[PDB]
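Undergrad: Here you go, start-v5.tsv (TSV, C-alpha atoms and all ligand atoms):
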chain	number	residue	atom	x	y	z
A	1	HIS	CA	2.35	-20.57	20.16
A	2	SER	CA	-0.71	-18.37	19.64
A	3	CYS	CA	-2.42	-18.10	16.23
A	4	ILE	CA	-4.38	-15.31	14.56
A	5	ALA	CA	-5.93	-14.87	11.10
A	6	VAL	CA	-6.03	-11.60	9.15
A	7	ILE	CA	-7.94	-11.19	5.90
A	8	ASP	CA	-6.78	-8.40	3.61
A	9	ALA	CA	-9.89	-7.61	1.52
A	10	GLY	CA	-8.16	-5.58	-1.18
A	11	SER	CA	-9.00	-4.26	-4.63
A	12	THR	CA	-8.13	-7.19	-6.91
A	13	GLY	CA	-8.82	-9.91	-4.37
A	14	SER	CA	-8.84	-11.09	-0.75
A	15	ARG	CA	-5.83	-12.66	0.94
A	16	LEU	CA	-6.15	-14.72	4.13
A	17	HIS	CA	-3.04	-14.78	6.34
A	18	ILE	CA	-2.65	-17.20	9.24
A	19	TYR	CA	0.12	-16.23	11.70
A	20	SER	CA	1.68	-17.98	14.66
A	21	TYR	CA	3.50	-15.94	17.32
A	22	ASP	CA	4.78	-15.86	20.88
A	23	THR	CA	4.31	-13.00	23.33
A	24	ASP	CA	7.22	-11.41	25.17
A	25	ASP	CA	7.29	-9.75	28.60
A	26	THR	CA	6.16	-6.40	27.14
A	27	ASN	CA	2.92	-8.13	25.98
A	28	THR	CA	4.11	-7.78	22.37
A	29	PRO	CA	4.06	-10.53	19.73
A	30	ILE	CA	7.45	-11.97	18.73
A	31	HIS	CA	8.55	-14.77	16.40
A	32	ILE	CA	5.69	-13.90	14.05
A	33	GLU	CA	5.50	-16.52	11.29
A	34	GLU	CA	3.02	-16.78	8.44
A	35	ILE	CA	1.96	-20.43	8.46
A	36	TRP	CA	-0.70	-20.35	5.72
A	37	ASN	CA	-2.14	-18.02	3.12
A	38	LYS	CA	-4.84	-18.02	0.44
A	39	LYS	CA	-5.67	-15.45	-2.25
A	40	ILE	CA	-9.01	-15.40	-4.06
A	41	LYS	CA	-10.37	-13.12	-6.79
A	42	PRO	CA	-12.05	-10.80	-7.47
A	43	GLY	CA	-12.17	-7.99	-4.87
A	44	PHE	CA	-14.82	-8.17	-2.16
A	45	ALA	CA	-16.17	-4.73	-3.18
A	46	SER	CA	-16.87	-6.08	-6.71
A	47	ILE	CA	-19.13	-9.03	-5.83
A	48	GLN	CA	-22.91	-9.04	-5.49
A	49	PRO	CA	-23.68	-8.31	-1.80
A	50	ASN	CA	-26.22	-11.10	-1.18
A	51	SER	CA	-26.18	-14.22	1.00
A	52	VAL	CA	-25.41	-16.76	-1.77
A	53	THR	CA	-22.55	-14.74	-3.30
A	54	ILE	CA	-20.92	-13.87	0.01
A	55	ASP	CA	-21.28	-17.48	1.25
A	56	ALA	CA	-19.58	-18.79	-1.93
A	57	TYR	CA	-16.79	-16.19	-1.59
A	58	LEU	CA	-16.03	-16.71	2.12
A	59	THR	CA	-16.26	-20.50	1.74
A	60	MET	CA	-13.72	-20.41	-1.13
A	61	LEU	CA	-11.35	-18.19	0.90
A	62	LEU	CA	-11.51	-20.08	4.21
A	63	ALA	CA	-12.42	-23.73	3.49
A	64	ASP	CA	-8.98	-25.37	3.19
A	65	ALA	CA	-7.31	-23.59	6.11
A	66	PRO	CA	-5.42	-25.98	8.44
A	67	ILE	CA	-6.95	-24.55	11.64
A	68	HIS	CA	-9.83	-24.84	14.11
A	69	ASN	CA	-11.04	-22.05	16.41
A	70	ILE	CA	-8.87	-19.05	15.55
A	71	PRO	CA	-9.55	-15.31	16.00
A	72	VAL	CA	-9.97	-13.53	12.66
A	73	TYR	CA	-9.89	-9.90	11.58
A	74	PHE	CA	-11.56	-9.09	8.26
A	75	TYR	CA	-10.14	-5.77	7.03
A	76	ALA	CA	-11.15	-4.25	3.72
A	77	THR	CA	-9.09	-1.44	2.19
A	78	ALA	CA	-9.42	1.21	-0.55
A	79	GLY	CA	-11.75	-0.82	-2.83
A	80	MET	CA	-14.44	-0.74	-0.16
A	81	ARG	CA	-13.60	2.86	0.79
A	82	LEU	CA	-14.60	3.90	-2.76
A	83	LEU	CA	-18.12	2.65	-2.07
A	84	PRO	CA	-20.89	4.56	-0.34
A	85	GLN	CA	-21.34	3.55	3.32
A	86	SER	CA	-24.90	2.49	2.52
A	87	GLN	CA	-23.50	0.02	-0.01
A	88	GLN	CA	-20.72	-1.14	2.33
A	89	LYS	CA	-23.34	-1.93	5.01
A	90	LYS	CA	-24.93	-4.54	2.68
A	91	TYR	CA	-21.64	-6.43	2.57
A	92	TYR	CA	-21.01	-6.27	6.33
A	93	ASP	CA	-24.58	-7.30	7.22
A	94	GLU	CA	-24.13	-10.44	5.11
A	95	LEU	CA	-20.61	-11.07	6.42
A	96	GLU	CA	-21.65	-10.65	10.06
A	97	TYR	CA	-24.46	-13.15	9.55
A	98	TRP	CA	-22.17	-15.63	7.81
A	99	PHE	CA	-19.63	-15.70	10.66
A	100	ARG	CA	-22.45	-16.15	13.20
A	101	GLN	CA	-23.59	-19.37	11.48
A	102	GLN	CA	-20.33	-21.18	12.11
A	103	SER	CA	-17.90	-21.79	15.00
A	104	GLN	CA	-14.48	-22.52	13.44
A	105	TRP	CA	-13.64	-18.86	12.80
A	106	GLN	CA	-13.95	-16.45	15.71
A	107	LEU	CA	-14.64	-13.08	14.09
A	108	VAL	CA	-13.15	-10.27	16.16
A	109	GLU	CA	-13.91	-7.38	13.80
A	110	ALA	CA	-15.01	-7.00	10.18
A	111	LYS	CA	-14.69	-3.47	8.83
A	112	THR	CA	-13.27	-1.19	6.19
A	113	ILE	CA	-10.12	0.17	7.75
A	114	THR	CA	-9.25	3.79	7.03
A	115	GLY	CA	-6.21	4.75	5.00
A	116	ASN	CA	-4.80	6.07	8.30
A	117	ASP	CA	-5.19	2.60	9.90
A	118	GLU	CA	-3.53	1.04	6.86
A	119	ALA	CA	-0.61	3.52	7.17
A	120	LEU	CA	-0.09	2.44	10.78
A	121	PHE	CA	0.06	-1.22	9.74
A	122	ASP	CA	2.46	-0.36	6.88
A	123	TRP	CA	4.85	1.31	9.33
A	124	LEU	CA	4.66	-1.63	11.76
A	125	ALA	CA	5.20	-4.20	9.01
A	126	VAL	CA	8.28	-2.47	7.56
A	127	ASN	CA	9.85	-1.76	10.96
A	128	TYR	CA	9.24	-5.32	12.10
A	129	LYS	CA	11.05	-6.60	8.96
A	130	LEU	CA	13.95	-4.15	9.57
A	131	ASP	CA	14.12	-5.20	13.25
A	132	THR	CA	13.94	-1.55	14.40
A	133	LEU	CA	11.03	-1.97	16.85
A	134	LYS	CA	12.58	-3.79	19.84
A	135	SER	CA	14.94	-1.08	21.01
A	136	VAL	CA	14.97	2.72	21.20
A	137	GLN	CA	16.09	4.12	17.86
A	138	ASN	CA	16.94	7.83	17.94
A	139	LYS	CA	16.71	7.38	14.16
A	140	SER	CA	13.45	8.51	12.53
A	141	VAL	CA	12.06	5.94	10.08
A	142	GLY	CA	9.35	6.85	7.60
A	143	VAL	CA	7.29	4.55	5.37
A	144	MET	CA	5.53	5.24	2.09
A	145	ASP	CA	3.11	2.81	0.47
A	146	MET	CA	2.63	3.31	-3.26
A	147	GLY	CA	-0.65	1.41	-3.35
A	148	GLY	CA	-2.90	0.66	-6.26
A	149	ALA	CA	-5.88	2.70	-5.06
A	150	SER	CA	-4.58	4.76	-2.13
A	151	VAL	CA	-1.12	5.92	-1.07
A	152	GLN	CA	-0.02	6.04	2.58
A	153	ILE	CA	2.70	8.04	4.32
A	154	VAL	CA	3.65	7.58	7.98
A	155	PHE	CA	6.43	8.95	10.18
A	156	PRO	CA	7.12	9.62	13.85
A	157	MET	CA	5.70	12.85	15.24
A	158	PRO	CA	4.95	14.01	18.80
A	159	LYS	CA	1.28	14.38	19.75
A	160	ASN	CA	0.01	17.68	18.34
A	161	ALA	CA	-3.30	19.14	19.55
A	162	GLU	CA	-3.60	21.34	16.43
A	163	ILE	CA	-3.61	18.33	14.05
A	164	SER	CA	-6.57	16.02	13.47
A	165	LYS	CA	-6.70	13.11	15.90
A	166	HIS	CA	-7.37	10.84	12.90
A	167	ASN	CA	-3.92	11.57	11.43
A	168	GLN	CA	-2.15	10.62	14.67
A	169	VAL	CA	-1.71	7.30	16.38
A	170	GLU	CA	-0.43	6.36	19.84
A	171	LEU	CA	0.75	2.84	20.65
A	172	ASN	CA	3.23	1.04	22.83
A	173	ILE	CA	5.31	-1.70	21.21
A	174	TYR	CA	8.09	-3.71	22.92
A	175	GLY	CA	7.53	-1.46	25.92
A	176	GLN	CA	8.11	1.85	24.11
A	177	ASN	CA	5.58	4.61	23.51
A	178	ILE	CA	5.35	5.58	19.86
A	179	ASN	CA	3.57	8.56	18.28
A	180	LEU	CA	3.07	8.54	14.51
A	181	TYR	CA	1.64	10.91	11.96
A	182	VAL	CA	-0.42	8.91	9.43
A	183	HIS	CA	-2.05	10.06	6.19
A	184	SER	CA	-3.65	8.36	3.19
A	185	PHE	CA	-4.74	9.79	-0.17
A	186	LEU	CA	-7.69	7.84	-1.55
A	187	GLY	CA	-7.78	7.70	-5.32
A	188	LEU	CA	-4.10	8.66	-5.60
A	189	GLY	CA	-2.96	5.03	-5.81
A	190	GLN	CA	-1.31	4.29	-9.15
A	191	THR	CA	-4.15	2.23	-10.71
A	192	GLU	CA	-6.85	4.72	-9.80
A	193	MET	CA	-4.89	7.84	-10.61
A	194	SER	CA	-3.74	6.38	-13.97
A	195	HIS	CA	-7.35	6.47	-15.20
A	196	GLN	CA	-7.01	10.27	-15.46
A	197	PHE	CA	-3.81	10.23	-17.54
A	198	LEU	CA	-4.30	7.64	-20.29
A	199	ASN	CA	-4.82	10.26	-23.02
A	200	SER	CA	-2.04	12.57	-21.83
A	201	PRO	CA	0.67	12.42	-24.53
A	202	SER	CA	3.38	13.70	-22.13
A	203	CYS	CA	2.95	10.57	-20.03
A	204	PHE	CA	3.68	7.89	-22.67
A	205	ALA	CA	6.56	6.84	-24.94
A	206	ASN	CA	6.84	8.44	-28.38
A	207	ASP	CA	4.22	6.96	-30.75
A	208	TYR	CA	2.51	4.91	-28.04
A	209	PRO	CA	-1.12	4.53	-29.20
A	210	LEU	CA	-3.35	6.38	-26.70
A	211	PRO	CA	-6.97	5.18	-26.26
A	212	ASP	CA	-8.37	8.28	-28.05
A	213	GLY	CA	-6.28	7.65	-31.16
A	214	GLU	CA	-3.57	10.26	-30.51
A	215	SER	CA	0.13	9.37	-30.04
A	216	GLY	CA	2.43	9.44	-27.03
A	217	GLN	CA	4.99	12.23	-27.04
A	218	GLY	CA	6.57	11.71	-23.66
A	219	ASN	CA	8.23	14.26	-21.44
A	220	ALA	CA	8.66	13.45	-17.76
A	221	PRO	CA	8.77	17.04	-16.48
A	222	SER	CA	5.44	17.73	-18.32
A	223	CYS	CA	3.80	14.51	-17.15
A	224	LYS	CA	5.02	15.24	-13.57
A	225	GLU	CA	3.54	18.76	-13.74
A	226	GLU	CA	0.16	17.26	-14.74
A	227	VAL	CA	0.27	14.71	-11.91
A	228	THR	CA	1.35	17.43	-9.43
A	229	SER	CA	-1.83	19.39	-10.24
A	230	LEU	CA	-3.99	16.43	-9.16
A	231	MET	CA	-1.85	15.93	-6.04
A	232	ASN	CA	-1.71	19.48	-4.75
A	233	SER	CA	-4.91	21.06	-6.06
A	234	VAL	CA	-7.26	18.15	-5.42
A	235	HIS	CA	-5.56	16.06	-2.72
A	236	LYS	CA	-3.68	18.99	-1.11
A	237	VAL	CA	-0.68	16.71	-0.49
A	238	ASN	CA	1.97	19.45	-0.22
A	239	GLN	CA	-0.17	21.75	1.92
A	240	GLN	CA	-0.82	18.96	4.46
A	241	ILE	CA	2.38	16.89	4.46
A	242	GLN	CA	5.30	19.18	3.68
A	243	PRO	CA	5.14	21.45	6.79
A	244	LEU	CA	4.89	18.47	9.16
A	245	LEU	CA	7.73	16.58	7.48
A	246	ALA	CA	9.87	19.73	7.69
A	247	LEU	CA	9.30	19.90	11.45
A	248	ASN	CA	9.76	16.14	11.95
A	249	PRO	CA	12.57	15.01	9.63
A	250	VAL	CA	12.84	11.36	8.79
A	251	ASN	CA	16.34	9.91	8.88
A	252	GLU	CA	15.52	6.89	6.68
A	253	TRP	CA	12.74	6.40	4.08
A	254	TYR	CA	11.38	2.98	3.11
A	255	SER	CA	8.86	2.48	0.34
A	256	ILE	CA	6.63	-0.45	-0.46
A	257	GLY	CA	4.07	-1.05	-3.25
A	258	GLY	CA	4.42	-0.45	-6.97
A	259	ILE	CA	7.62	1.56	-6.79
A	260	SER	CA	9.49	-1.52	-5.56
A	261	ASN	CA	8.35	-3.38	-8.68
A	262	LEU	CA	9.30	-0.55	-11.06
A	263	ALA	CA	12.69	-0.14	-9.36
A	264	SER	CA	13.36	-3.92	-9.62
A	265	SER	CA	12.51	-3.99	-13.33
A	266	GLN	CA	15.02	-4.80	-16.09
A	267	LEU	CA	14.55	-1.34	-17.60
A	268	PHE	CA	15.46	0.71	-14.52
A	269	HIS	CA	18.93	0.53	-12.99
A	270	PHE	CA	19.06	0.86	-9.25
A	271	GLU	CA	21.49	-0.59	-6.78
A	272	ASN	CA	21.35	-1.30	-3.03
A	273	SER	CA	17.53	-1.68	-3.16
A	274	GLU	CA	17.30	2.10	-3.12
A	275	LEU	CA	16.76	5.02	-5.46
A	276	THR	CA	16.79	8.80	-5.66
A	277	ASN	CA	13.88	10.70	-7.18
A	278	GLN	CA	16.37	12.58	-9.42
A	279	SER	CA	17.66	9.32	-10.88
A	280	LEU	CA	14.13	7.87	-11.21
A	281	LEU	CA	12.83	10.88	-13.20
A	282	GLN	CA	15.97	11.00	-15.41
A	283	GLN	CA	15.79	7.30	-16.23
A	284	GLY	CA	12.04	7.44	-16.92
A	285	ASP	CA	12.47	10.53	-19.10
A	286	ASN	CA	15.38	9.10	-21.16
A	287	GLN	CA	14.52	5.41	-21.38
A	288	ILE	CA	10.74	5.63	-21.81
A	289	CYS	CA	9.23	9.11	-22.24
A	290	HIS	CA	11.52	10.20	-25.08
A	291	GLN	CA	12.00	6.67	-26.39
A	292	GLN	CA	10.42	5.35	-29.59
A	293	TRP	CA	7.66	3.00	-28.38
A	294	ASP	CA	7.71	0.27	-31.04
A	295	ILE	CA	11.48	-0.23	-30.61
A	296	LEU	CA	11.19	-0.24	-26.80
A	297	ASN	CA	8.30	-2.72	-26.81
A	298	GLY	CA	10.35	-5.04	-29.04
A	299	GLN	CA	13.17	-5.02	-26.47
A	300	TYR	CA	11.05	-5.63	-23.33
A	301	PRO	CA	8.11	-7.66	-24.67
A	302	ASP	CA	7.41	-9.36	-21.33
A	303	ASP	CA	7.07	-6.44	-18.90
A	304	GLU	CA	3.34	-5.71	-18.80
A	305	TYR	CA	3.86	-2.40	-16.98
A	306	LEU	CA	6.50	-1.19	-19.47
A	307	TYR	CA	4.09	1.08	-21.30
A	308	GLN	CA	3.26	2.87	-18.04
A	309	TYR	CA	6.83	3.60	-16.96
A	310	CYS	CA	6.92	7.19	-18.22
A	311	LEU	CA	3.69	7.88	-16.30
A	312	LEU	CA	4.77	5.98	-13.17
A	313	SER	CA	8.28	7.45	-12.86
A	314	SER	CA	6.75	10.91	-13.31
A	315	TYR	CA	4.02	10.11	-10.76
A	316	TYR	CA	6.35	8.77	-8.04
A	317	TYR	CA	8.48	11.88	-8.40
A	318	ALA	CA	5.43	14.15	-8.28
A	319	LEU	CA	4.28	12.39	-5.10
A	320	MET	CA	7.56	12.33	-3.18
A	321	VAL	CA	9.12	15.59	-4.37
A	322	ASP	CA	6.29	17.96	-5.28
A	323	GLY	CA	3.86	16.40	-2.77
A	324	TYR	CA	5.74	15.24	0.34
A	325	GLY	CA	8.60	17.71	-0.25
A	326	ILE	CA	11.39	15.10	-0.21
A	327	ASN	CA	14.68	16.29	-1.72
A	328	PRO	CA	15.24	14.84	-5.22
A	329	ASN	CA	18.71	13.69	-4.11
A	330	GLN	CA	17.44	11.97	-0.94
A	331	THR	CA	17.91	8.20	-0.82
A	332	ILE	CA	14.65	6.21	-0.75
A	333	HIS	CA	14.95	2.58	0.17
A	334	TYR	CA	12.47	0.11	-1.28
A	335	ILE	CA	11.65	-3.31	0.10
A	336	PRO	CA	12.51	-5.94	-2.53
A	337	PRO	CA	9.29	-7.36	-4.06
A	338	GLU	CA	10.58	-10.89	-3.37
A	339	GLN	CA	10.56	-10.30	0.41
A	340	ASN	CA	6.74	-10.32	0.32
A	341	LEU	CA	6.32	-7.57	2.90
A	342	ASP	CA	2.68	-7.56	3.97
A	343	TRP	CA	0.90	-4.88	6.03
A	344	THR	CA	-1.20	-7.57	7.79
A	345	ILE	CA	1.74	-8.43	10.06
A	346	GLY	CA	1.10	-4.94	11.59
A	347	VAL	CA	-2.36	-6.20	12.64
A	348	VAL	CA	-0.68	-9.00	14.59
A	349	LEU	CA	1.65	-6.50	16.32
A	350	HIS	CA	-1.12	-4.03	17.17
A	351	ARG	CA	-4.13	-6.24	17.87
A	352	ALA	CA	-3.14	-9.84	18.68
B	401	LIG	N1	6.35	-3.45	-12.62
B	401	LIG	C1	5.54	-2.67	-11.92
B	401	LIG	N2	5.71	-1.35	-11.89
B	401	LIG	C2	4.93	-0.55	-11.19
B	401	LIG	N3	3.93	-1.01	-10.50
B	401	LIG	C3	3.67	-2.31	-10.46
B	401	LIG	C4	4.48	-3.20	-11.16
B	401	LIG	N4	4.01	-4.42	-10.93
B	401	LIG	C5	2.96	-4.30	-10.12
B	401	LIG	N5	2.76	-3.02	-9.80
B	401	LIG	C6	1.67	-2.41	-8.94
B	401	LIG	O1	2.02	-1.80	-7.70
B	401	LIG	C7	0.80	-1.54	-6.89
B	401	LIG	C8	0.92	-2.03	-5.43
B	401	LIG	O2	1.35	-3.40	-5.38
B	401	LIG	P1	0.52	-4.61	-4.67
B	401	LIG	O3	-0.12	-3.84	-3.54
B	401	LIG	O4	1.40	-5.67	-4.30
B	401	LIG	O5	-0.58	-4.97	-5.71
B	401	LIG	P2	-1.59	-6.30	-5.64
B	401	LIG	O6	-1.53	-6.65	-4.21
B	401	LIG	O7	-1.03	-7.23	-6.55
B	401	LIG	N6	-2.94	-5.55	-6.14
B	401	LIG	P3	-4.09	-4.89	-5.14
B	401	LIG	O8	-5.32	-5.91	-4.78
B	401	LIG	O9	-4.58	-3.70	-5.83
B	401	LIG	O10	-3.45	-4.50	-3.75
B	401	LIG	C9	-0.32	-2.29	-7.64
B	401	LIG	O11	-1.03	-1.33	-8.37
B	401	LIG	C10	0.41	-3.21	-8.64
B	401	LIG	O12	-0.31	-3.27	-9.83
What would you get if you wrote out this structure as structure tokens?
Ligand SMILES: Nc1ncnc2c1ncn2[C@@H]1O[C@H](COP(=O)(O)OP(=O)(O)NP(=O)(O)O)[C@@H](O)[C@H]1O
TA:
Amino acid sequence: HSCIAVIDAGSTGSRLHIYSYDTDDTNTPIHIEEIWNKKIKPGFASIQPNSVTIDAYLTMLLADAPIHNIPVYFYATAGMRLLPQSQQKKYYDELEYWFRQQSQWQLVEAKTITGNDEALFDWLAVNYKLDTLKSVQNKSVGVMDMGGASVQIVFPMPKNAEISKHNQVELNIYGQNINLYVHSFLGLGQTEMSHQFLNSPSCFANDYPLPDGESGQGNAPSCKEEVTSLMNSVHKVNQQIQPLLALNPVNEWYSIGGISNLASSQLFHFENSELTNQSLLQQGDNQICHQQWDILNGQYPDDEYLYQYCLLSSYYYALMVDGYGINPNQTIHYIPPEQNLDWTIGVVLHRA
């Protein structure tokens, strides 16, 4: 067995993953098993970028690991992407120095991966879990990550000279050439985007107390329309994605991230670990947007995201339907939250 470590340096914290694997006769990892993990808070991009702080942080993350002499990839995501490159450099200068002072961890790369890179890993992670990678599919699989700070979309598409090279990836896995379109929208993740909508009455249950002192008066179509403006006028989601998706239809959609949590909640009713956007918007509109808040809160006092469900159902619909151009009646699978799907397994597949 070979071993590799991957650190996901995300927004709320950093998670170290240690994987064992074998390699098959296509030079591709198989039997990938996570043998150890560790999560620390807060996010790397939120700590003071000096030697003492970074030493304390990396020591806390790595110290108890049951290994000696393992390759490690340190990959930061949207949290670091939101920082100026001059500020990011401070972190990486300290990190590079820290790894050089020790011998147990063999640093391969430490960097902020692009949203496009993250999309690739998302697609690999989901397809590995579904066991759709080892043999030729003739069945187009697309993946959407509803992340906290960025959202990713990724689907098969033949190499196209007219499209940015950064939105296209080429790789060979289990002996097969794959060509994927990848795209990420930074800031459109549900935590970041929500900061624009907190005083929008259409996005909250009736009588929900908004920060500015006004009251929720929810209406999913109205909240969706608001969100759609941000998506298409600022992020240009529809303009970029919809034509390409039209020309390269996906046969099956899988989603990961927040949507899987919302869909698995006690409030929403979905079966078969799947949903349609039509049903999502209807349920959000009826059960939250037009629902009296105080009564609702009394009934679901333990769901900390409950108050956001009018906004989030509206937002997911805006993204998939008005943004990506997915039919409202199209089935969207979601990976159950309890399966702990993690994009870092894609790093093993692509880089180990
Ligand atoms: N019940 C829920 N409904 C909707 N979203 C949720 C729910 N619970 C958690 N989420 C969010 O879904 C997004 C993506 O999930 P996840 O990537 O697993 O978050 P995390 O790893 O816990 N946080 P982060 O460091 O930002 O990646 C995050 O913004 C979570 O806050």
Undergrad: With ligand LIG 401 (chain B) as the partner and 10 Å as the cut-off, tabulate the residues of chain A that qualify, each row holding the nearest pair of atoms and their distance in Å to one decimal, using all atoms listed in the file, sorted by chain and rising number, as CSV.
TA:
residue,atom,partner,partner_atom,distance
A:8,CA,B:LIG401,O8,8.9
A:9,CA,B:LIG401,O8,8.0
A:10,CA,B:LIG401,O8,4.6
A:11,CA,B:LIG401,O8,4.0
A:12,CA,B:LIG401,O8,3.8
A:13,CA,B:LIG401,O8,5.3
A:14,CA,B:LIG401,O8,7.4
A:15,CA,B:LIG401,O8,8.9
A:39,CA,B:LIG401,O8,9.9
A:41,CA,B:LIG401,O8,9.0
A:42,CA,B:LIG401,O8,8.7
A:43,CA,B:LIG401,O8,7.2
A:77,CA,B:LIG401,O10,8.7
A:78,CA,B:LIG401,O9,8.7
A:79,CA,B:LIG401,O9,8.3
A:145,CA,B:LIG401,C8,7.9
A:146,CA,B:LIG401,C8,6.0
A:147,CA,B:LIG401,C8,4.3
A:148,CA,B:LIG401,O11,3.5
A:149,CA,B:LIG401,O9,6.6
A:150,CA,B:LIG401,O9,9.2
A:151,CA,B:LIG401,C8,9.3
A:189,CA,B:LIG401,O11,7.1
A:190,CA,B:LIG401,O11,5.7
A:191,CA,B:LIG401,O11,5.3
A:192,CA,B:LIG401,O11,8.5
A:194,CA,B:LIG401,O11,9.9
A:256,CA,B:LIG401,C8,7.7
A:257,CA,B:LIG401,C8,4.0
A:258,CA,B:LIG401,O1,2.8
A:259,CA,B:LIG401,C2,5.6
A:260,CA,B:LIG401,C2,7.3
A:261,CA,B:LIG401,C1,4.3
A:262,CA,B:LIG401,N2,3.8
A:263,CA,B:LIG401,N2,7.5
A:264,CA,B:LIG401,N1,7.6
A:265,CA,B:LIG401,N1,6.2
A:266,CA,B:LIG401,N1,9.4
A:267,CA,B:LIG401,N1,9.8
A:303,CA,B:LIG401,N1,7.0
A:304,CA,B:LIG401,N1,7.2
A:305,CA,B:LIG401,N1,5.1
A:306,CA,B:LIG401,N1,7.2
A:307,CA,B:LIG401,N2,9.9
A:308,CA,B:LIG401,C2,7.8
A:309,CA,B:LIG401,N2,7.2
A:311,CA,B:LIG401,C2,9.9
A:312,CA,B:LIG401,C2,6.8
A:313,CA,B:LIG401,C2,8.8
A:316,CA,B:LIG401,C2,9.9
A:337,CA,B:LIG401,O4,8.1
A:340,CA,B:LIG401,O4,8.5
A:341,CA,B:LIG401,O4,8.9
A:342,CA,B:LIG401,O4,8.6
A:343,CA,B:LIG401,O3,9.7
Undergrad: Counting only C-alpha atoms, figure out which residue out of A:127, A:232, A:278, A:240 gets nearest to residue A:254.
TA: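 For residue A:254, the nearest of the given residues is A:127.
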Undergrad: Just give me the gap between atom CA of residue A:252 and atom CA of residue A:28 in Å, one decimal is fine.
TA: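 Between atom CA of residue A:252 and atom CA of residue A:28 the gap works out to 24.3 Å.
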Undergrad: Just give me the gap between atom CA of residue A:100 and atom CA of residue A:50 in Å, one decimal is fine.
TA: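 We find that atom CA of residue A:100 and atom CA of residue A:50 lie 15.7 Å from each other.
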Undergrad: Any idea what's packed within 10 Å of residue A:250, counting all atoms listed in the file, ignoring anything in its chain fewer than 5 positions away? Could you give it as a PyMOL selection string?
TA: chain A and resi 139-143+154-157+245+326
Undergrad: Please save C-alpha atoms of the selected residues as a short mmCIF file (atom, residue, chain, number, x, y, z; two decimals), in the frame of the given file.
TA:
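Writing done, so here's again-v4.cif:
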data_model
loop_
_atom_site.label_atom_id
_atom_site.label_comp_id
_atom_site.auth_asym_id
_atom_site.auth_seq_id
_atom_site.Cartn_x
_atom_site.Cartn_y
_atom_site.Cartn_z
CA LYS A 139 16.71 7.38 14.16
CA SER A 140 13.45 8.51 12.53
CA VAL A 141 12.06 5.94 10.08
CA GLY A 142 9.35 6.85 7.60
CA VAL A 143 7.29 4.55 5.37
CA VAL A 154 3.65 7.58 7.98
CA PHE A 155 6.43 8.95 10.18
CA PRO A 156 7.12 9.62 13.85
CA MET A 157 5.70 12.85 15.24
CA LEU A 245 7.73 16.58 7.48
CA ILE A 326 11.39 15.10 -0.21
#
Undergrad: Could you state the separation of atom CA of residue A:236 and atom CA of residue A:223 in Å, given to one decimal place?
TA: 18.3 Å
Undergrad: Quick one: everything within 7 Å of stretch 119-124 of chain A, counting only C-alpha atoms, minus sequence neighbours fewer than 3 positions away in the same chain. Send it as a list in words.
TA: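 Within the cut-off, the hits are residues 115, 116, 127, 128, 143, 152, 153, 154, 182, 183, 184, 343, 344, 346 and 347 of chain A.
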Undergrad: Out of A:68, A:95, A:339, A:133, which residue has the shortest atom-to-atom distance to residue A:29 when counting only C-alpha atoms?
TA: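 Counting only C-alpha atoms, the residue closest to residue A:29 is A:133.
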Undergrad: Taking 3 positions as the minimum chain separation for residues in the same chain, which residues sit within 10 Å of residue A:136 when counting only C-alpha atoms? Answer as an NGL selection string.
TA: :A and (132-133 or 139 or 174-177)
Undergrad: Using only C-alpha atoms, which residues sit within 7 Å of residue A:322 once same-chain residues fewer than 4 positions away are excluded, as a compact mmCIF listing (two decimals) with C-alpha atoms, in the frame of the given file?
TA:
# COMPACT_ATOMS: atom_id res chain seq x y z
CA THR A 228 1.35 17.43 -9.43
CA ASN A 238 1.97 19.45 -0.22
CA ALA A 318 5.43 14.15 -8.28
Undergrad: So which one's closest to residue A:83, A:164, A:101, A:112, A:23? Using all atoms listed in the file, please.
TA: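 With all atoms listed in the file as the atom set, the closest residue is A:112.
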Undergrad: So which one's closest to residue A:62, A:102, A:217, A:114, A:2? Using only C-alpha atoms, please.
TA: A:102
Undergrad: Quick one: residues within 12 Å of (12.4, 3.8, -28.4) (file frame), counting all atoms listed in the file, please, as number ranges by chain.
TA: A: 204-208, 216-218, 285-300, 306-307
Undergrad: Rank A:283, A:272, A:314, A:329 by their smallest atom-to-atom distance to residue A:225, using only C-alpha atoms, and report the top residue only.
TA: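 Distance minimum relative to residue A:225 lands on A:314.
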Undergrad: List every protein, DNA or RNA residue that has an atom no more than 8 Å from (6.5, -16.4, 19.4) in the file's coordinate frame, counting all atoms listed in the file, and report them as a list in words.
TA: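 Within 8 Å of (6.5, -16.4, 19.4), the protein and nucleic acid residues are residues 1, 2, 20, 21, 22, 23, 24, 29, 30, 31 and 32 of chain A.
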Undergrad: Given all atoms listed in the file as the basis, pick out the residue of A:25, A:165, A:6, A:231 nearest to residue A:110.
TA: A:6
